[PDB]
Amino acid sequence: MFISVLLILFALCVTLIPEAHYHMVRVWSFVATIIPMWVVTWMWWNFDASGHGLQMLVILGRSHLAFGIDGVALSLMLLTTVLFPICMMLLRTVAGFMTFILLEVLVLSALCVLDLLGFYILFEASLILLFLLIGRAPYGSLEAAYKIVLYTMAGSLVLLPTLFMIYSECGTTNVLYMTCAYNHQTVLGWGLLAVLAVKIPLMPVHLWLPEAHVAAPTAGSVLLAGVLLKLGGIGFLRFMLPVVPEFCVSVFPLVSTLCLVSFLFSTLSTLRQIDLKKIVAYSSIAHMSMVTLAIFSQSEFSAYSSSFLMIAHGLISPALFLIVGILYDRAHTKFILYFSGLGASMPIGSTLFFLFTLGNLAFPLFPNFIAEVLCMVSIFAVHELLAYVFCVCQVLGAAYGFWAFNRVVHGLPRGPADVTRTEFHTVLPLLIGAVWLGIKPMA
Amino acid sequence: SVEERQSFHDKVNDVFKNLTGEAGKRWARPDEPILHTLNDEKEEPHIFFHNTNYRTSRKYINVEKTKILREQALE
Amino acid sequence: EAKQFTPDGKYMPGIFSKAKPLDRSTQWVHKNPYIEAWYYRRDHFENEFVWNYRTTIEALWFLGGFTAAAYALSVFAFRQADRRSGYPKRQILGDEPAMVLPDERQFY
Amino acid sequence: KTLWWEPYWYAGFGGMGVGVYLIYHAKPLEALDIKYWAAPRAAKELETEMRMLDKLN
Amino acid sequence: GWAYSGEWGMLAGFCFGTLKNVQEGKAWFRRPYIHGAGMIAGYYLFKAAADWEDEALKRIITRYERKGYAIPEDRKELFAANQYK
Amino acid sequence: XXXXXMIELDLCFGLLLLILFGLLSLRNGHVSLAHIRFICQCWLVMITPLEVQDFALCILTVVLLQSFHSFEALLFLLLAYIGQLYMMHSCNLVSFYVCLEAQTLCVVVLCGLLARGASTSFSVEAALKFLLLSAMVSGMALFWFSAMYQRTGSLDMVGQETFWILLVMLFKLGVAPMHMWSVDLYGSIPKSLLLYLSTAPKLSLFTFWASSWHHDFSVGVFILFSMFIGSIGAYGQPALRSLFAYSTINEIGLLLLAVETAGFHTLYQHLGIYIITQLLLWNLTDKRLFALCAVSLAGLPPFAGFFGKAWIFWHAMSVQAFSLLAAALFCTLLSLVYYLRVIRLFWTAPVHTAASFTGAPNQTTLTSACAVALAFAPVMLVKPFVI
Amino acid sequence: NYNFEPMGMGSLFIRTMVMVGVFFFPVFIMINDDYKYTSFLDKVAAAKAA
Amino acid sequence: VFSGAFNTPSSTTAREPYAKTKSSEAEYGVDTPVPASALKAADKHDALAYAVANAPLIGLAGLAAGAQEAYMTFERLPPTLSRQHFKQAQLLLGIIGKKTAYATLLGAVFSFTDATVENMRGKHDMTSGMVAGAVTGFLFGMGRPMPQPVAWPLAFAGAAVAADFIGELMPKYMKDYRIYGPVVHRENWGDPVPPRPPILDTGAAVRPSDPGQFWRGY
Amino acid sequence: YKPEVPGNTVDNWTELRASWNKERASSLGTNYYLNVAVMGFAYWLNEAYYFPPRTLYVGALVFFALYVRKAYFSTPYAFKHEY
Amino acid sequence: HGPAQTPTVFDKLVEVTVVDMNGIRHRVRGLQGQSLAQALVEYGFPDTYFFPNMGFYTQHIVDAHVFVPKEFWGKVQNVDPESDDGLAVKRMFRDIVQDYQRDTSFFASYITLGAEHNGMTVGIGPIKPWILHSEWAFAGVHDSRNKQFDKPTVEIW
Amino acid sequence: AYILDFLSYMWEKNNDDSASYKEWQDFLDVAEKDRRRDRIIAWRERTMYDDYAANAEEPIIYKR
């Protein structure tokens, strides 16, 4: 806690820096995000897999704010703390630094929360931050921010009466006592399903993301892609299954059919997209639906498989966003028909595009492949029909992926030259992490 | 009865409050679960977590046994 | 042909250089008006919806129809998984009070 | 010229990688993962249950 | 009462002086006497809040017990306590 | 013995001394009255009983006295505060009526006097409209009070007649559809008087309701009126004044919802938070903090408006008031649209603040920056504090 | 010589159904297995109670 | 608590149902008397009387809307027409009566059809409300352009479903819900028993669904 | 790129001027009438709160449906010389 | 690029005859790309000749009420009556003008002057009294000497 | 190699099972304290301050 407060105060020192010394401004802004990465590394070195299912427990008196660490939260924290410095490497204004610092603080605080009211309070404290981020004056879209903010607020407002009702029912808001009291599982279950089906892109209420993640700049795009959807999955795992199992069971056909139709329609809709950024936007929907079905399956190893898939997407998809952002910034447009002959023009960049495309398509020597194998193992053990439905449409995503890749990469050379040292460095952590987790993730 | 269950809950809280061990023994890895006559075992959270950890240990032991028997079958 | 640098580094902005300075905007494309109109229309395609004959027919037969198909398939899979584990009828949302969550302490 | 961000980037990411390697190759097997904790304890149980199975034959 | 109430008050006074200089276009650190006075004010005010919590809790236990709602003594310590939490 | 009634005699003596002192100060060619203001604050302090609500109202008024500079308006505000404080002590409908009408007359006079510029005419028209509707509401209250006096033959506030007393109490808070007078007042009157109105009479009426009011009915349909109408209007009105007017209508509807399900602790805390926000609102000189008011009104998590709406929702669920809770949630959602609009209008804009020329250099920095320190409040707030 | 028009409604529907039938055969196989199994159970129930 | 193997609450359920939970020393509610007209309104054995006793509430909204529109039209009248007092009155009253009668007809149709389905099916559920809402929307929607004749029945049926869910289904699902004293199925937790239910001066809109929820009054 | 505003400028401005060559009266009268109606008949809904929820929601939907918006309110009666 | 004449303001000079509500003709010089009302303020018209825009995110925009003769009707940029901006314009008609409406009533904020606007003649349209906030109102009387151009700022607040 | 086992020994020395178990017990104890307190506080009657019968146990003095 003390260390965390020290980082919190140290990050705020950015505003106190006079703008005259830009060099030190960049150094301080980057280092402030560097530190938590090492801190989470130190935590992982401190964790015990032979110890309790929860470790490093701390409570701030009667102020709720229960913080504890499982494997899922620690892994998500590690992935986020890897992602954020790259986002910092793509910003040029102090306001962006402050917004992303607050966003990272909120994400980290929510990632290890153990109070449902605490999760409610801490999660959506960044909604105004996203609103200011997405609808920036020169290049953003106000409509996308309006959409996403309204969707999130609708979810939270639906959830809140359920949260306070179970609080009054059990007299507290701690998960480890909420999980131990009898409760009216149904109402809280509807609240949780609504919120985490809005957060994770699930049909029908998922339409904010395609506009939002495209209107946002590169850093915010990577943040939204790799973080806030996983807040939904960790939300399920940490709260809904431990608290209300009967609702989870009675809704399982509904959740499964909704996830399946979401995956199918998103996969089919993607082929008709005409912009690379929108193509990348629809890509994440199938992954999130697969994660949700894997979580809801609970067959053999569902939590671990879901965590693996969440890590895999938060690793690979930001690379797609990095390539998209580089191409747009050094091209001033995102429209596909202006992309051609990229391999001869951007050899290393196009090679990375190929590699991360394969990563999206679940191919061996990549963490996504093992992730989807484990998720389909969990799904299959529940039933084989759902596993077949996931297996049958594997071709349909790779269809649009390969079509877009070949269309923009091969052909007549026209456009930007290859990537720069900064861009290759930004690409680097995702490549190394994906290789490491696709060769020997465990030991 | 209500008073019987109140007394049992108080005794369980007492027992778990004063509980410890040494010689490199990792707690939450106990050798035995505690037998009980309690409907909906979640009525006593301490016993619930004890049994949870025991069940986890047993599951991972089953996995290890599966690996060993797979090796012997391959041989 | 400009000189945006000194012989010892020191990037010069070259504000008053006659030559056109190489910059971040150097490799920008020249937009095609028809392409821009097409992309605006496709990004603002929402104004083209209408309850015609074709749209309604397609929406009911495919969207809602396959929604129903997947729902019924999920129900079938759930019930078959229940029957393949030795369990009695289970209470789905709105299925009258019945057995939920088979106990770990019972052999079925 | 070295860019402004290169040393800090290298330091942070290399430090994380070094910590990862040290975690995977220096933490105790039981501390690293549970799967090591259960192998010696399950081996003996399998050993003593094999003869139980054989006597059941 | 909470342990870190006065520190929270001093931090509030720090931000108070910062934004006072903001509202007048001055550098955040100018006029430090305002910073000190605000720190003192916040410290005393939040100490008063911490004491008032205890006052209200004692009032609550007194009222609840007077109405006839008698408590086992174990949870009375949740209310009959000037805890330095 | 009159020995127990000294403080009222003190009030009378102090008012007489203030009258003579103000008369004498005016013969000197003085042009400012900060001494009179501090003396009035001291007299307010002395005449205040030891109740928490009494001191809260007293201090709230004390800060408000820095925003006026005319002796007569100071006197009117003093007398209005007297009426409010004694309304917190009104155990009968006679004193209740007298306090309401004194406050109404003071409000009308204060709105009328302080006008300047071409805005004066519209202020006069709105004030006269409020006076006429207040007169008719007062006549209604007197009529039904007389009917109750006949039926009961006593001073008990019970029976079917109390329904109209409830209606009259609603009218003073701008309870929609008896809300439009508030909108008209928001339309023209200067910011200081509207700053007064949003806080004091509402506080005193809530306290008197909490202390000496009961009825055998509901107000839920009026709560629906207030919530829905305020939300839709604040969404649809481009004028900032009417935007905040309909926001106030929605907030008073929320307060009424809290009232109907009892649990006055959340009512009290939300009223305090909203009064703090209104105090921060009407004395703004920089526009950067203006969005903080919106996020403290839109129920955004990290600041006090969210928790103030949150315990209200908690108590509404404590009685399972599903209907009004869902309505409140939907109206809370609808608030966010125009609150984000406010944010856009006064956050994503170039920073500019005019400098003072006649001295008085940003004469309200202290109260502004103090009210800003509401992000630190939820620490003490989250615990069972106000109860 | 292309008009860029959506396919024929009836033809599109028929070919969609053809694709679904060809590429979701395990669903029908499992469902028909269940139907045959329940028919066997129904005949057993009918004959066993007489 | 949190392991990748499984979820423990998924396998930790009761083997035997619990009895009733003792909440207070006195276990009877206290409440004000309901007017008998609304008691007759809940009566559903006779559809005709149900609709008859339900109509005036429904038509009151139409009266209000008609008065609103008529007054708004008045505040725009020319001086030349406002002096024909009889004609003014007939026009505004016609507007008001048309709106009120339409509302009354809609409500009577809803109530009659709802009670009809209730008697026909011999049981009570949300399906009767769905039929009533669909019929009301169709009757309201007949003769208008054609995104409407489907939408309006959907709106009315969804409103009826929400009404059932809010007014009846949820409180019945939570008839045992308690915010005070010992927690049900968890009376081992040592919570003291209050002598009496918490007395609350709740409004007429806030009424206790169960004798053991709280005490209403002053 | 910029989309075009549909229709003719002249026709659209004329439509913008439809039913606006009229003096605005005082809002006082509407306010007084609303207050009078509330003071006079709101007690009719006193018995309403006990009513079954289905009927109350039907009434709410009807009341919402039949509402007419005060802003931009116009009638053919505003520009005719006789009934 | 050759002997092209040097850029002078004459090539973008626009002249419009504007007649006040007292019937006094006035010569005004306008510039391409700027609104008519901005130049009107730049000429010295009294503050009473202007009013805030009644739209969203545009309330800092001033305007004046003028009459457009028949010929120049087509030079007024089109606005959707169904649009939110169109709704703001209709509120402006509803409130400011009342029974001062004429089929030539228009708003100068939507007049972007160009080559064709050279020689165009318009006059000022009468308005009803109005009030926006404390610091900017209209009594209904055009008795003032203060120049709208003399206001340091446009405070929507 | 020796570095790796040095790190392992450092970890094993530093870590303590009983400290973590005491932290866990403290967490549960504090949480149960707070839950009990909140549940007790919830027994919240609410009547006007003039309600003598509903507050016959309140020692209140009136100056009327």
# chains A, B, ... in the order shown; residues from 1 in each chain; ligands from 1

$ residues_around --residues "residue 12 of chain D" --least-positions-apart "4" --cutoff "9 Å" --atoms "only C-alpha atoms" --output "count of residues only"
9

$ select_by_dssp --residues "segment 17-61 of chain K" --states "helix (DSSP H, G or I)" --output "ChimeraX atom specification"
/K:17-41,53-55

$ residues_around --residues "segment 19-35 of chain C" --least-positions-apart "2" --cutoff "7 Å" --atoms "only C-alpha atoms" --output "list in words"
residues 330, 331, 332, 415 and 416 of chain A; 1, 2, 17, 37, 38 and 39 of chain C

$ write_last_selection --atoms "N, CA, C and O atoms" --output "compact mmCIF listing (two decimals), in the first residue's frame"
# COMPACT_ATOMS: atom_id res chain seq x y z
N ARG A 330 1.75 7.83 -40.73
CA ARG A 330 2.62 8.07 -41.87
C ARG A 330 1.90 7.93 -43.20
O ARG A 330 2.56 7.86 -44.25
N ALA A 331 0.57 7.89 -43.18
CA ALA A 331 -0.23 7.91 -44.40
C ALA A 331 -1.37 8.91 -44.39
O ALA A 331 -1.87 9.26 -45.46
N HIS A 332 -1.82 9.38 -43.22
CA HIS A 332 -2.90 10.34 -43.04
C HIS A 332 -4.26 9.78 -43.46
O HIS A 332 -5.23 10.54 -43.55
N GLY A 415 3.00 4.18 -51.23
CA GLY A 415 2.77 4.57 -49.86
C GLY A 415 4.05 4.79 -49.09
O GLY A 415 5.09 5.17 -49.64
N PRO A 416 3.99 4.57 -47.78
CA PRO A 416 5.14 4.87 -46.92
C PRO A 416 6.24 3.83 -47.05
O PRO A 416 6.04 2.71 -47.50
N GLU C 1 16.19 18.76 -51.64
CA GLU C 1 17.56 19.27 -51.69
C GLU C 1 17.88 20.12 -50.47
O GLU C 1 19.00 20.60 -50.31
N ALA C 2 16.88 20.29 -49.60
CA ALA C 2 17.01 21.18 -48.46
C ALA C 2 18.04 20.63 -47.46
O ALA C 2 18.55 19.51 -47.60
N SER C 17 13.42 28.13 -45.42
CA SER C 17 14.09 27.46 -46.53
C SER C 17 13.19 27.45 -47.75
O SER C 17 12.00 27.13 -47.66
N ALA C 37 -16.18 10.33 -50.75
CA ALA C 37 -17.64 10.27 -50.66
C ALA C 37 -18.10 8.85 -50.34
O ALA C 37 -18.99 8.66 -49.50
N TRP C 38 -17.50 7.85 -50.98
CA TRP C 38 -17.86 6.46 -50.72
C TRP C 38 -17.58 6.08 -49.27
O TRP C 38 -18.40 5.43 -48.62
N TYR C 39 -16.42 6.48 -48.75
CA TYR C 39 -16.07 6.11 -47.38
C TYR C 39 -16.94 6.84 -46.36
O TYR C 39 -17.29 6.26 -45.32

$ atom_distance --atom1 "atom CA of residue 41 of chain B" --atom2 "atom CA of residue 12 of chain H"
6.5 Å

$ residues_around --residues "residue 54 of chain K" --least-positions-apart "4" --cutoff "9 Å" --atoms "only C-alpha atoms" --output "list in words"
residues 199 and 218 of chain H; 47 and 48 of chain K

$ closest_atom_pairs --of "chain G" --to "chain C" --cutoff "9 Å" --atoms "only C-alpha atoms" --output "tab-separated table"
residue	atom	partner	partner_atom	distance
G:9	CA	C:54	CA	7.7
G:13	CA	C:61	CA	8.5
G:27	CA	C:73	CA	8.3
G:31	CA	C:76	CA	8.4
G:34	CA	C:80	CA	8.7

$ write_last_selection --atoms "C-alpha atoms" --output "PDB file, in the first residue's frame"
ATOM      1  CA  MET G   9     -33.754 -13.628 -52.172  1.00  0.00           C
ATOM      2  CA  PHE G  13     -32.191 -18.491 -48.839  1.00  0.00           C
ATOM      3  CA  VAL G  27     -26.079 -31.460 -35.041  1.00  0.00           C
ATOM      4  CA  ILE G  31     -30.461 -35.031 -32.638  1.00  0.00           C
ATOM      5  CA  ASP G  34     -31.518 -38.801 -29.467  1.00  0.00           C
TER       6      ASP G  34
END

$ closest_atom_pairs --of "chain F" --to "chain H" --cutoff "9 Å" --atoms "only C-alpha atoms" --output "tab-separated table"
residue	atom	partner	partner_atom	distance
F:214	CA	H:201	CA	7.5
F:215	CA	H:203	CA	7.9
F:216	CA	H:203	CA	6.9
F:217	CA	H:204	CA	4.8
F:218	CA	H:204	CA	4.5
F:219	CA	H:203	CA	7.3
F:220	CA	H:205	CA	6.3
F:259	CA	H:202	CA	8.6
F:260	CA	H:203	CA	5.3
F:261	CA	H:202	CA	5.3
F:262	CA	H:202	CA	6.0
F:263	CA	H:200	CA	8.6
F:318	CA	H:179	CA	6.9
F:319	CA	H:206	CA	7.1
F:320	CA	H:171	CA	7.9
F:321	CA	H:206	CA	6.5
F:322	CA	H:166	CA	6.4
F:323	CA	H:166	CA	6.9

$ write_last_selection --atoms "N, CA and C atoms" --output "PDB file, in the first residue's frame"
ATOM      1  N   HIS F 214     -45.910  14.427   9.144  1.00  0.00           N
ATOM      2  CA  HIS F 214     -46.315  13.083   8.768  1.00  0.00           C
ATOM      3  C   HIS F 214     -47.579  13.183   7.929  1.00  0.00           C
ATOM      4  N   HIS F 215     -47.753  12.244   7.003  1.00  0.00           N
ATOM      5  CA  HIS F 215     -48.969  12.192   6.207  1.00  0.00           C
ATOM      6  C   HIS F 215     -49.239  10.751   5.806  1.00  0.00           C
ATOM      7  N   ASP F 216     -50.474  10.504   5.376  1.00  0.00           N
ATOM      8  CA  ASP F 216     -50.987   9.163   5.128  1.00  0.00           C
ATOM      9  C   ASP F 216     -51.202   8.912   3.638  1.00  0.00           C
ATOM     10  N   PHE F 217     -50.248   9.325   2.812  1.00  0.00           N
ATOM     11  CA  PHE F 217     -50.429   9.312   1.365  1.00  0.00           C
ATOM     12  C   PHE F 217     -49.081   9.023   0.716  1.00  0.00           C
ATOM     13  N   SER F 218     -49.000   9.269  -0.587  1.00  0.00           N
ATOM     14  CA  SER F 218     -47.764   9.137  -1.340  1.00  0.00           C
ATOM     15  C   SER F 218     -47.561  10.378  -2.196  1.00  0.00           C
ATOM     16  N   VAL F 219     -46.353  10.510  -2.736  1.00  0.00           N
ATOM     17  CA  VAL F 219     -46.013  11.627  -3.610  1.00  0.00           C
ATOM     18  C   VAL F 219     -45.331  11.092  -4.862  1.00  0.00           C
ATOM     19  N   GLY F 220     -45.458   9.784  -5.097  1.00  0.00           N
ATOM     20  CA  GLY F 220     -44.672   9.140  -6.136  1.00  0.00           C
ATOM     21  C   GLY F 220     -44.934   9.675  -7.530  1.00  0.00           C
ATOM     22  N   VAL F 259     -37.254  11.037   0.240  1.00  0.00           N
ATOM     23  CA  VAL F 259     -38.196  11.342   1.315  1.00  0.00           C
ATOM     24  C   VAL F 259     -39.254  10.252   1.424  1.00  0.00           C
ATOM     25  N   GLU F 260     -39.815   9.842   0.284  1.00  0.00           N
ATOM     26  CA  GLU F 260     -40.963   8.942   0.301  1.00  0.00           C
ATOM     27  C   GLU F 260     -40.618   7.595   0.924  1.00  0.00           C
ATOM     28  N   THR F 261     -39.367   7.160   0.802  1.00  0.00           N
ATOM     29  CA  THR F 261     -38.924   5.900   1.378  1.00  0.00           C
ATOM     30  C   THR F 261     -38.245   6.084   2.730  1.00  0.00           C
ATOM     31  N   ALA F 262     -38.413   7.243   3.356  1.00  0.00           N
ATOM     32  CA  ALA F 262     -37.807   7.580   4.653  1.00  0.00           C
ATOM     33  C   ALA F 262     -36.283   7.493   4.514  1.00  0.00           C
ATOM     34  N   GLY F 263     -35.582   7.238   5.617  1.00  0.00           N
ATOM     35  CA  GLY F 263     -34.133   7.202   5.590  1.00  0.00           C
ATOM     36  C   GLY F 263     -33.535   8.562   5.303  1.00  0.00           C
ATOM     37  N   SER F 318     -33.611  -0.541  -0.175  1.00  0.00           N
ATOM     38  CA  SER F 318     -33.858  -1.057   1.168  1.00  0.00           C
ATOM     39  C   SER F 318     -35.341  -1.288   1.412  1.00  0.00           C
ATOM     40  N   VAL F 319     -36.200  -0.573   0.691  1.00  0.00           N
ATOM     41  CA  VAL F 319     -37.636  -0.803   0.723  1.00  0.00           C
ATOM     42  C   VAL F 319     -38.126  -1.435  -0.571  1.00  0.00           C
ATOM     43  N   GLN F 320     -37.209  -1.768  -1.482  1.00  0.00           N
ATOM     44  CA  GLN F 320     -37.544  -2.416  -2.751  1.00  0.00           C
ATOM     45  C   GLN F 320     -38.512  -1.569  -3.573  1.00  0.00           C
ATOM     46  N   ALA F 321     -38.314  -0.251  -3.540  1.00  0.00           N
ATOM     47  CA  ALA F 321     -39.112   0.678  -4.342  1.00  0.00           C
ATOM     48  C   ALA F 321     -38.651   0.591  -5.798  1.00  0.00           C
ATOM     49  N   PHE F 322     -39.025  -0.527  -6.432  1.00  0.00           N
ATOM     50  CA  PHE F 322     -38.490  -0.861  -7.748  1.00  0.00           C
ATOM     51  C   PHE F 322     -38.825   0.205  -8.782  1.00  0.00           C
ATOM     52  N   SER F 323     -40.075   0.665  -8.795  1.00  0.00           N
ATOM     53  CA  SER F 323     -40.549   1.624  -9.784  1.00  0.00           C
ATOM     54  C   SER F 323     -39.726   2.904  -9.774  1.00  0.00           C
TER      55      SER F 323
END

$ residues_around --residues "segment 4-12 of chain B" --least-positions-apart "4" --cutoff "12 Å" --atoms "only C-alpha atoms" --output "compact mmCIF listing (two decimals) with C-alpha atoms, in the first residue's frame"
# COMPACT_ATOMS: atom_id res chain seq x y z
CA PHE B 16 -9.50 -21.15 13.57
CA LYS B 17 -8.42 -17.99 15.40
CA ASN B 18 -5.95 -20.04 17.46
CA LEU B 19 -4.40 -22.29 14.82
CA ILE B 34 -12.57 -31.45 8.99
CA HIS B 36 -18.88 -31.87 9.91
CA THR B 37 -22.65 -32.20 10.14
CA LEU B 38 -23.34 -28.81 8.57
CA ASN B 39 -25.80 -28.37 5.72
CA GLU B 41 -20.87 -25.97 4.24
CA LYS B 42 -20.56 -22.27 3.36
CA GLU B 43 -22.27 -21.72 6.74
CA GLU B 44 -18.73 -21.84 8.20
CA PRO B 45 -16.35 -19.91 5.91
CA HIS B 46 -13.16 -21.18 7.59
CA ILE B 47 -14.15 -24.81 7.03
CA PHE B 48 -15.14 -23.87 3.48
CA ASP E 74 -19.08 -8.83 21.67
CA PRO H 182 -30.05 -12.29 11.53
CA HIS H 185 -29.86 -19.49 6.50
CA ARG H 186 -27.03 -17.79 8.43
CA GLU H 187 -28.49 -17.34 11.93
CA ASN H 188 -25.26 -18.94 13.20
CA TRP H 189 -23.63 -15.52 12.67
CA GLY H 190 -24.83 -14.14 16.02
CA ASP H 191 -26.93 -11.21 14.83
CA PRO H 192 -29.28 -10.06 17.62

$ residues_around --residues "segment 46-60 of chain E" --least-positions-apart "5" --cutoff "6 Å" --atoms "only C-alpha atoms" --output "MDAnalysis selection string"
(chainID E and resid 1 5:6 9 79) or (chainID F and resid 385)

$ interface_residues --of "chain B" --to "chain D" --cutoff "6 Å" --atoms "only C-alpha atoms" --output "count of residues only"
3

$ atom_distance --atom1 "atom CA of residue 131 of chain J" --atom2 "atom CA of residue 186 of chain F"
11.6 Å

$ decode --residues "segment 64-101 of chain J" --atoms "C-alpha atoms" --output "compact mmCIF listing (two decimals), in the first residue's frame"
# COMPACT_ATOMS: atom_id res chain seq x y z
CA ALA J 64 -28.29 40.44 -36.68
CA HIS J 65 -31.77 40.40 -38.19
CA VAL J 66 -31.89 41.48 -41.84
CA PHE J 67 -34.13 41.26 -44.90
CA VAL J 68 -32.87 39.59 -48.08
CA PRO J 69 -34.37 40.86 -51.37
CA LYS J 70 -35.77 38.34 -53.82
CA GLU J 71 -32.74 38.05 -56.11
CA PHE J 72 -30.17 37.00 -53.48
CA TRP J 73 -32.42 34.33 -51.94
CA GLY J 74 -30.40 31.52 -53.53
CA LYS J 75 -27.10 32.71 -52.07
CA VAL J 76 -28.22 31.83 -48.53
CA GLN J 77 -26.61 28.54 -47.50
CA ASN J 78 -29.20 25.82 -46.98
CA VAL J 79 -30.09 24.53 -43.51
CA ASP J 80 -32.10 21.41 -42.73
CA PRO J 81 -35.41 22.22 -40.99
CA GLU J 82 -35.28 18.72 -39.48
CA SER J 83 -31.79 19.29 -38.05
CA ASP J 84 -30.90 20.30 -34.51
CA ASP J 85 -29.28 23.41 -35.98
CA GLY J 86 -32.54 23.96 -37.83
CA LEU J 87 -34.38 23.55 -34.54
CA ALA J 88 -32.19 26.27 -33.02
CA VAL J 89 -32.96 28.53 -35.98
CA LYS J 90 -36.69 27.89 -35.54
CA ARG J 91 -36.38 28.76 -31.86
CA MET J 92 -34.75 32.01 -33.00
CA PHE J 93 -37.76 32.75 -35.22
CA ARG J 94 -40.14 31.74 -32.44
CA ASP J 95 -38.61 33.99 -29.78
CA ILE J 96 -36.70 36.93 -31.25
CA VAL J 97 -38.93 37.89 -34.17
CA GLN J 98 -42.52 37.00 -33.14
CA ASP J 99 -44.89 39.06 -35.35
CA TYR J 100 -41.96 40.90 -36.94
CA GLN J 101 -41.61 37.94 -39.30
